[PDB]
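K.L.:
Next up is a structure, given as structure tokens.
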Amino acid sequence: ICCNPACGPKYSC
């Protein structure tokens with residue numbers, strides 16, 4: 001997961 005808008009295309013919560 002990458003639950004932060006800065007994750008960009010990786011965003012997931």
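Numbering starts at 1 and runs along the chain as it is shown here.
The deposited model was determined using X-ray crystallography, 0.8 Å.
The backbone N, Cα and C atoms fix where each Cβ goes, and this holds for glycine too.
Per Swiss-Prot, disulfide bond is recorded for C2-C7, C3-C13, and the stated evidence type is experimental evidence. What Swiss-Prot records for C13 is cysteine amide, and it gives experimental evidence as the kind of evidence.
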K.L.:
Can you check what DSSP calls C2 (disulfide bond), collapsed to helix, strand or coil?
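P.N.:
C2 (disulfide bond) sits in a strand per DSSP.
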K.L.:
I need the least crowded one of these disulfide-bonded residues (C3, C7), counting other C-beta atoms within 10 angstroms of each C-beta.
P.N.:
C3
K.L.:
Near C13 (disulfide bond), how many other Cβ atoms are within 10 Å of its Cβ?
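P.N.:
Its Cβ has 7 other Cβ atoms within 10 Å.
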